[PDB]
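Just the one chain here, the form deposited in one PDB entry, laid out as structure tokens.
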């Protein structure tokens, strides 16, 4: 026969064996400026009927489709109506009284008591000082340096709000000097502050306002049952079960219930930041003006955002055998003869928007950033479905997220279901949400899908999590054994890893660990450089079940004891001699739980490490800094000098240290004081 695995679904229902339709386990081995141009063109074409205005500050064309003509065809449209959005937000407030006030009150504390270091915790972010994607901490350090070079240092108080005050005050500066000495005028600094790079990272000057907005939106979503985004794991399946239980309690069973396994791919491009500004303005009514202002900055900067076209294009010759890269920065006047007929049209139709190497993108959003706020926007529609709003025999409810949405419509008959679905779709079009009528289907309630969670007659299969790597983490041979078992246990607890799958993942992890650290069991014959020592240790130990896997011992780990460290797992079986040798504190070599033993060894901006040196020095002076965050009003230098003096005097009087040492140390303290006084 011809083997056809798909035919397996002729006997096993689709949901049961739907794990076979996901090809990869991890990122594939494959992956541009053309795509960015296409995205900009689509964003500006879905809203081409809006107003055109030239920004007075950034000097860029901008499209304003808000309150534009109502759509007259089933095509993506960005003409969100302000009154409709405000009405939906107001009705959401009405259904959950006190939600916005409570969320804002909770968020004020986070705004006031958030440190600048919180801005270092994420992914790579566009750095305007180097015009390049850099790690978050490096980008923040560079931004602080270039802010201090100019008369802008209020971030010297450990408050994110102060750093954002510096960010806002920087845009009034008529010059920005970058020393590495480049000089950026006001307009070129603005164009870089409002720039988004490439699936799109914002600068360091949009990424704190975004954090505050995300905190507020997360607080709001926590109180909305429809919002399935903030939760994750086995409590999303609870949401999928609760929605179906609420909707399928038909009394007299004369109400047809139909589930739309909705999809809305590419629905961010129709999000206009002006609608998010209106949402934030409504959410923050009757609140202190400073809170309203700080929360009303991220949409303001997103309405004037700029998109970098990327690396650029690259031509080639065959009569000369030469390759030439062409950056997108100069891709505004180049003759169009060189380009293919598709990229030709792209460049021709995007040229009016390009300025200073970037393309103006007023309408539309990008992945990430405003995920929670968009979830709130969708839950507004999902809440407008109650019978108190859809004043008809039909009604609907469901789940919303930043990726997928699932709807359930209950109506007395099929005509009612159709009317409800039409009303939902038209309201979504009104508020700028464009349902994808290409990947969405409707079927009687009882089976559906939501964010790779497949619900079938009460059983929910979770496939939204990639199977994690089950190899050594490569720290040492004591941390890896604990990290692998902790990873397996946490996947079992959270990502619904099966028992048999967990056991075989443990087997593969043990194989990889043994082959990496060359600690094959002591009774094997695998000849390696480390084999003689391990096989000699294996022969002198009477209890061979106490030996660690690192010492060629057996593997005692199973499902029932993944939470126990190996040293404590085997402690009762270890030899008294080998216990003492292994766990000898005076040895030359030195989230995961790990006992410290001889296996815990260590293997082989003008100064990027200047911040990481003072902290290490402080840890040397005050060890507790490595455990508890320090507290004190004195400067680091004063504390260090005092520690040195009181630690040298006592040592001198105790005999440990000499007298010349005393004099030299207390004079080095004096010179450190003199340097301070400069």
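Positions refer to the first chain, counted from 1. Superpose the two forms; the largest set of C-alphas matching within 1.5 Å is the rigid core.
Keep in mind that the form deposited in another entry is missing from the display, and what follows is about it.
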Item to complete: Superpose on the rigid core, then report which one of 72, 172, 576, 83 has a CA displacement of at least 2 angstroms between this form and the one not shown.
Response: 576
Discussion item. Taking 2 Å as the cut-off, check whether the CA of residue 208 shifts that much or more between this form and the one not shown after a rigid core fit.
Written reply: no
Discussion item. For residue 599, does the CA position differ by 2 Å or more between this form and the one not shown when the superposition is done on the rigid core?
Written reply: yes
Worksheet item: Is the C-alpha displacement of residue 432 equal to or greater than 2 Å between this form and the one not shown once the rigid core has been superposed?
Response: no
Practice prompt. Kindly indicate if, in that other deposited form, the C-alpha atoms of residue 639 and residue 118 are closer or farther apart than in the structure shown, bearing in mind the change is 3 Å or more.
Written response: closer
Worksheet entry | Pair residue 463/residue 439, Cα separation in that other deposited form versus the displayed form, closer or farther by 3 angstroms or more | farther
